[PDB]
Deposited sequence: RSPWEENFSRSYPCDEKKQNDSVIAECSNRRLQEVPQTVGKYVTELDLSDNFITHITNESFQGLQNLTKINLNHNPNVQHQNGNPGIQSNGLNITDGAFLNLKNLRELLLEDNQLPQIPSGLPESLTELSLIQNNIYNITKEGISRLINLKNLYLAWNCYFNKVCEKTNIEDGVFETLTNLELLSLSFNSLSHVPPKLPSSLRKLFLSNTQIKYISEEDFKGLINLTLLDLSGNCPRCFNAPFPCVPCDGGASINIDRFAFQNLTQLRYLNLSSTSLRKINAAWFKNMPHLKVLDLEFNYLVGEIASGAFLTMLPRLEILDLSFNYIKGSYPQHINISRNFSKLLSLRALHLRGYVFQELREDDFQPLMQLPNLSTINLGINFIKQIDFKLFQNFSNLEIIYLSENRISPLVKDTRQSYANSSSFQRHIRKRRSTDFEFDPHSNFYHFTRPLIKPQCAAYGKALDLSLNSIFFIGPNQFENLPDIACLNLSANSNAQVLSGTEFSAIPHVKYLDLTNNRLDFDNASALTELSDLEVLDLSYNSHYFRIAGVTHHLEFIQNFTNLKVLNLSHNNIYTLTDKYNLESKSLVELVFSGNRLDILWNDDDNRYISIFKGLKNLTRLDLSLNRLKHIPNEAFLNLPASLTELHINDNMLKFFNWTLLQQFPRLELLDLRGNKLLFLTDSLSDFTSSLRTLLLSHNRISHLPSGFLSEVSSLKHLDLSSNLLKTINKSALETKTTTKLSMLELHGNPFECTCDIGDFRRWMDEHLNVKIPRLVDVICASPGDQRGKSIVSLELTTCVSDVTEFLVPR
C-alpha cells in the first residue's frame, strides 16, 4: 500500500497530509509528484535522490519560509515542470535544471530577477513571476537582457509587480505577454517592436479605476489615464486577445487596431468610455471580433434615461458575446439596440447591474440568433395594462447554468423588482426555454395564466421568492416543463394562515427534476400525498418531515407513493428522528439514489431494503445511528454505494463486508469505531475510515493483515486515520504501526 501519497504515466497525490519533510517512501516509477499545502521547510539534494523518472514536482504553499540548497533539483534530468508558489523565497533558487520547460514563482518575496537563476534555463516555454514585489516594494529589479537568452519562451507573466516601465530585450518567440497592475504609466513603440508572434497582450490595471478588488488599488495622480503611443501595437499582426481593463481610458485611438485583422477578444471594462460607446471610430476597425466587454464604464453620479450605442456597432460582424454591464441607465428602447440586431453570430447579451427600470422586450425577438439574455441585478417591475490564476476583470463562469441554457433561449430576470407576475410581463418575448426569476421577492398566487406568452419553458428557476401555488392549475400552462426549482420559498409553507397544496405536479407530463429545498413544509391540505408519472428526481431537503410522519391519523404515510418513475430522492436536513416502517415501505421501489443525511436518525430498519431492488446509492451521513445489520445480503443485492460518515457506529457486525457482493464504495469515516474484528472482514474498491477513535494495540492486528491481503480496496487519506489510545501510539497512522 502506498503511503503517504496516493498512486494513480503514474501520478502520486501527496497534497495536504501534514508532512513536515519530503517522504522517502515514494516509488521510483512515479512521474508526477504533488507536495502542495504541506508543512515542509527544507529542500535538499537527498529529498529527490534516485528519482530520474520524475517530470513534474509541485511544492506550492510550503509551509502552511522554504529553504532550498544550491543545486537541489540539479540531479533530476527529466524535470520539465516545477511549481514553487507561496514559499516566501527571498530570491530565485541557484542551480535549477536546464531541462525545465515550465517554472512558476508566484506569491514569493523575490525582489531581484538575476541572470544567475533564469538565463541559464534556455528550454523554458512558460515563466510565471507574479505577486513578488507587490506592496512591500519599491521597484522590481530586472536585469538587462535577462529574458533575451530564453529563445524558446512562449509565455511570460510579470503581472502584479512594481515595474513602472516595460522590460527591455524581449524574445521574438513570445505568444502571450501578461503585464497587469505593473504600474506602467507610459507605453512606447519600442516596447512591443520585436514581438511579431504575440497573440495575447494584457495591459490591464495600469492607472486603474478602483472597484471590488482583492488586491490593493492605487489610482494615477489627478485622475490620469494610460499613455499608449499611436504606433505601440504597429507590428502586433497575430494578436487575438487584448486586455485594456482598468486603464482609466477616456478615448480609444483607432490607429491601435489598424494592424489587427485577427482580434477575437477585446476587454475594455472599468474605464471612462461612455463617449466612445456613443461615438467610436475603433468599432469600424474590428471586423473579426467575437467577444467585446465594455462593462462598468458609467459616469459617476450620472443616471441617463437611455443607453447611447454607436451606429458603428453594426461593423462587428463576427460578434458572438457582448458585455454591457455597469453602464447605469433607466430605460432600454428598441431604437437603442438597432445596430446590434444586424449581427448574425450575436448569441449573448449581458445587461447585468445597469439598474434598468423599463425594457421594451419587443426588441429581443427582433434578433438573428439570441441564446442568452442576462438582465439580472436590474430594476424591472411588474408589467400591467483568492487565486492568482484567474481573470480579475472578466467572470469566466457562465452567466446562466449550462443545464438551463442546454434547452434553448435563456432569459435571466433574477434579482429584479418583479414582486408579482403581471399580465403583460412576457408580452412580445422570443421562444424562451430557460427562465430565471430568482430573488425577486415574488409573492404571486399562481393560477396558470402568468406564463402563457412563453409556454415552452423547460427549465424554470423560481428560487429565493415568496410564491403561492395552492391552485391545481398553477404552472400547468408550461406543458413542456422538465426542471422546476422552487428552493427558498419558505414564507408560504411556514405561515399557518394558508392551506399548502401540491396537486399541480400531477398535470405535468414531462417534469423530470423538482427542487423543494428549504421551504419548511409541515402541513398539506387537501392533498396529503404528491404524485407524478414523469418525475425522476426530487429534492425535499431543508423541510419538516419529522412533523409529517408524526401525524396521529397517519395521513402523510404514502407521501411519495405516487412518484412511480422516481430514481433520485433527497430527504436531508429534515430533522428526522425516526422513520416509520409503513412510511418507508410507501417510498418508490424504482429508486436508485436516496439521501437521508444531516438528520437526527437514531435507528434504521435495513429489512425494508428488500422492497427496493433498483437502489444503488444510500446516504445516511451526519446522523445519530448507533448500530448496523448482520444480514444485509438477505435484504439488498443491488446496493453499490453506502455513506455512513459522522455517525455513532461503534461496532461493525460479523460478516458485513463478506455479504453484500454488489457493494463497491463504503463510507464509515468520523464514527465511534475502535476495532475491526476478523469475523466482520468481494467487489469493494473504496473504503473510508478516517477520523475514527481507533484502539492501536494487538486487537487492531487482524484488520491490518486484511489491508495487506486486499490491496485493490483503496483507502483514501490514510494520514487522517489517527490512533486514539494508547498515548505513545496517539498521532501516528494505523498503517505506520510495527
task: Enumerate the deposited-sequence segments absent from the coordinates, judged by C-alpha atoms, in order of position.
output: 1-9, 18-21, 78-90, 163-164, 414-438, 735-739, 797-811
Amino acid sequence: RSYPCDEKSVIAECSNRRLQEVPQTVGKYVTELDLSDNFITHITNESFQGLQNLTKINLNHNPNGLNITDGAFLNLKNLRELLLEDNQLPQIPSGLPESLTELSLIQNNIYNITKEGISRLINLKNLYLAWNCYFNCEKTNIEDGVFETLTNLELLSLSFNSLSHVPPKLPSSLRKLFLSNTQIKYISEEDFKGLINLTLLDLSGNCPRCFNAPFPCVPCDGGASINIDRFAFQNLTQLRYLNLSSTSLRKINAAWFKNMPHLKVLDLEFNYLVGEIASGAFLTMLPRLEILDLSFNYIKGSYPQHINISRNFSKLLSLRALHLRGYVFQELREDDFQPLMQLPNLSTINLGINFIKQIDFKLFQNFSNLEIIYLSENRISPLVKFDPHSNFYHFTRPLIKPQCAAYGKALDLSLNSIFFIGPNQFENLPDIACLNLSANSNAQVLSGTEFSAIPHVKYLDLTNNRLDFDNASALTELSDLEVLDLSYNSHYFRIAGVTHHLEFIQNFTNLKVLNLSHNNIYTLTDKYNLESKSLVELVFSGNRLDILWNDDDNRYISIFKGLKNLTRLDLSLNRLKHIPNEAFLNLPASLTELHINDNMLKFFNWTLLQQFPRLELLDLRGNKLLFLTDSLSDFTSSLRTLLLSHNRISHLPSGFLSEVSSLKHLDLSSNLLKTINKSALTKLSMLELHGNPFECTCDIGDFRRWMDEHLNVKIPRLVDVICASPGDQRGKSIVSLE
From here on, numbers count along this sequence of modelled residues.
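By rigid core we mean the largest C-alpha set that fits within 1.5 Å across both forms.
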message: Please tell me which region, 274-282 or 394-402, has C-alphas lying farther from the displayed form on average in 9 other deposited structures of this protein, with superposition done on the core.
response: 394-402
task: Could you say which moves further from this form in 9 other deposited structures of this protein, stretch 571-579 or stretch 220-228, by root mean square CA distance after aligning on the core?
output: 220-228
query: Counting only other entries that model residues on either side of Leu363, is it left out in at least a third?
result: no
- request: Establish whether the other compared PDB entries of this protein leave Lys385 unmodelled at least a third of the time.
  value: yes
statement: With B-factors read from the PDB entry, the higher C-alpha mean of 475-483 and 374-382 is in 475-483
message: Mean CA temperature factor from the deposited coordinates, higher in 419-427 or in 69-77?
response: 69-77
task: Please work out which residue in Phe627, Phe560, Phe392, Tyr522 has the highest C-alpha B-factor recorded for this crystal structure.
output: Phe627
field: B-factor third for the C-alpha atom of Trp549 within its chain
entry: middle
message: Ranking the modelled residues of this chain by C-alpha B-factor as given in the entry, is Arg621 in the lowest, middle or highest third?
response: middle
message: Can you tell me whether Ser658 has a C-alpha B-factor in the lowest, middle or highest third compared with the other modelled residues of the same chain?
response: highest
message: Quick check for you: using the entry's CA B-factors within this chain, is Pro208 in the lowest, middle or highest third?
response: middle
message: Lowest, middle or highest third: which one holds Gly497 when the chain's residues are ordered by CA B-factor from the entry?
response: middle
